[PDB]
Amino acid sequence: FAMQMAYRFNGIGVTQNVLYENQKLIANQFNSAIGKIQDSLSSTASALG
Amino acid sequence: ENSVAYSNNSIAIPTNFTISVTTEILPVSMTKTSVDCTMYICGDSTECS
């Protein structure tokens with residue numbers, strides 16, 4: 001999966017070294033962001049408008 | 001079913017390819033109908049028209 005995200009970054013002109021030199025941070029950003037999806041959908045139903 | 005053989009360190013790279021040719025079909029028009037409303041509804045009667 002880390003080999004894939006380095007390609008996804010390379011596909012937006014962010015060269016691959018920017019991913020691995022930040023990987024655990026990027027994981028925590030993604031994990032935290034996924035966590036906010038639950039809290040948003042749990043706190044309000046009106047998002048499913 | 002397919003359990004993909006993932007790991008933290010394994011990649012499958014293709015070594016040969018097929019130039020598949022495939023048909024996509026789309027309609028682009030109906031048939032240009034026109035219905036003469038008075039002749040449909042009242043077919044050749046002045047007493048109707």
# chains A, B, ... in the order shown; residues from 1 in each chain; ligands from 1
>>> interface_residues(of="chain B", to="chain A", cutoff="10 Å", atoms="only C-alpha atoms", output="PDB file with N, CA and C atoms, in the first residue's frame")
ATOM      1  N   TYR B   6      -1.334 -10.148  -1.275  1.00  0.00           N
ATOM      2  CA  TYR B   6      -0.728  -8.928  -0.749  1.00  0.00           C
ATOM      3  C   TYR B   6       0.364  -9.208   0.293  1.00  0.00           C
ATOM      4  N   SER B   7       1.340  -8.311   0.412  1.00  0.00           N
ATOM      5  CA  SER B   7       2.217  -8.200   1.578  1.00  0.00           C
ATOM      6  C   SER B   7       2.824  -6.802   1.639  1.00  0.00           C
ATOM      7  N   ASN B   8       3.511  -6.479   2.731  1.00  0.00           N
ATOM      8  CA  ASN B   8       4.304  -5.253   2.839  1.00  0.00           C
ATOM      9  C   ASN B   8       5.480  -5.148   1.835  1.00  0.00           C
ATOM     10  N   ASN B   9       5.763  -6.173   1.019  1.00  0.00           N
ATOM     11  CA  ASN B   9       6.959  -6.227   0.176  1.00  0.00           C
ATOM     12  C   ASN B   9       6.820  -7.027  -1.133  1.00  0.00           C
ATOM     13  N   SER B  10       5.611  -7.332  -1.613  1.00  0.00           N
ATOM     14  CA  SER B  10       5.408  -8.152  -2.823  1.00  0.00           C
ATOM     15  C   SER B  10       4.624  -7.433  -3.916  1.00  0.00           C
ATOM     16  N   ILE B  11       5.165  -7.417  -5.139  1.00  0.00           N
ATOM     17  CA  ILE B  11       4.537  -6.789  -6.309  1.00  0.00           C
ATOM     18  C   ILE B  11       4.410  -7.766  -7.472  1.00  0.00           C
TER      19      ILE B  11
END
>>> select_by_dssp(residues="chain A", states="helix (DSSP H, G or I)", output="ChimeraX atom specification")
/A:2-10,17-20,23-43,45-48
>>> decode(residues="segment 15-31 of chain A", atoms="N, CA, C and O atoms", output="tab-separated table (two decimals), in the first residue's frame")
chain	number	residue	atom	x	y	z
A	15	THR	N	6.66	14.37	-5.85
A	15	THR	CA	7.60	13.26	-6.05
A	15	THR	C	7.64	12.32	-4.86
A	15	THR	O	7.54	12.73	-3.71
A	16	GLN	N	7.85	11.03	-5.13
A	16	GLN	CA	7.61	9.93	-4.18
A	16	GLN	C	8.27	10.10	-2.81
A	16	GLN	O	7.74	9.65	-1.79
A	17	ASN	N	9.43	10.75	-2.74
A	17	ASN	CA	10.16	10.96	-1.50
A	17	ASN	C	9.37	11.77	-0.48
A	17	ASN	O	9.55	11.58	0.72
A	18	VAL	N	8.45	12.63	-0.93
A	18	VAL	CA	7.55	13.36	-0.04
A	18	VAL	C	6.59	12.43	0.68
A	18	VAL	O	6.21	12.75	1.80
A	19	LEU	N	6.24	11.26	0.12
A	19	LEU	CA	5.41	10.30	0.85
A	19	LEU	C	6.19	9.58	1.95
A	19	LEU	O	5.82	9.64	3.11
A	20	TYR	N	7.28	8.88	1.62
A	20	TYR	CA	7.94	8.06	2.64
A	20	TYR	C	8.59	8.87	3.75
A	20	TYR	O	8.47	8.50	4.91
A	21	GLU	N	9.18	10.02	3.43
A	21	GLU	CA	9.72	10.89	4.46
A	21	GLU	C	8.63	11.54	5.35
A	21	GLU	O	8.96	12.21	6.32
A	22	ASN	N	7.35	11.25	5.08
A	22	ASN	CA	6.19	11.66	5.87
A	22	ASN	C	5.24	10.50	6.20
A	22	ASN	O	4.11	10.76	6.61
A	23	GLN	N	5.61	9.22	6.00
A	23	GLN	CA	4.59	8.17	5.95
A	23	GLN	C	3.74	8.07	7.21
A	23	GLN	O	2.51	8.09	7.12
A	24	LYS	N	4.34	7.98	8.40
A	24	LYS	CA	3.56	7.82	9.63
A	24	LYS	C	2.66	9.02	9.89
A	24	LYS	O	1.53	8.86	10.35
A	25	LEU	N	3.13	10.22	9.55
A	25	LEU	CA	2.29	11.41	9.59
A	25	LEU	C	1.11	11.25	8.64
A	25	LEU	O	-0.02	11.40	9.07
A	26	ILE	N	1.34	10.87	7.38
A	26	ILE	CA	0.28	10.68	6.39
A	26	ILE	C	-0.74	9.64	6.85
A	26	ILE	O	-1.94	9.86	6.75
A	27	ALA	N	-0.26	8.54	7.43
A	27	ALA	CA	-1.12	7.55	8.03
A	27	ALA	C	-1.98	8.17	9.13
A	27	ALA	O	-3.20	8.04	9.09
A	28	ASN	N	-1.39	8.91	10.06
A	28	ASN	CA	-2.15	9.57	11.12
A	28	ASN	C	-3.14	10.60	10.59
A	28	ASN	O	-4.24	10.71	11.12
A	29	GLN	N	-2.80	11.33	9.52
A	29	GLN	CA	-3.72	12.26	8.87
A	29	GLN	C	-4.90	11.51	8.26
A	29	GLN	O	-6.05	11.90	8.46
A	30	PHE	N	-4.63	10.42	7.55
A	30	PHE	CA	-5.67	9.60	6.95
A	30	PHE	C	-6.55	8.95	8.02
A	30	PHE	O	-7.77	9.07	7.97
A	31	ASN	N	-5.95	8.35	9.05
A	31	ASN	CA	-6.67	7.73	10.17
A	31	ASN	C	-7.55	8.74	10.89
A	31	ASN	O	-8.74	8.50	11.09
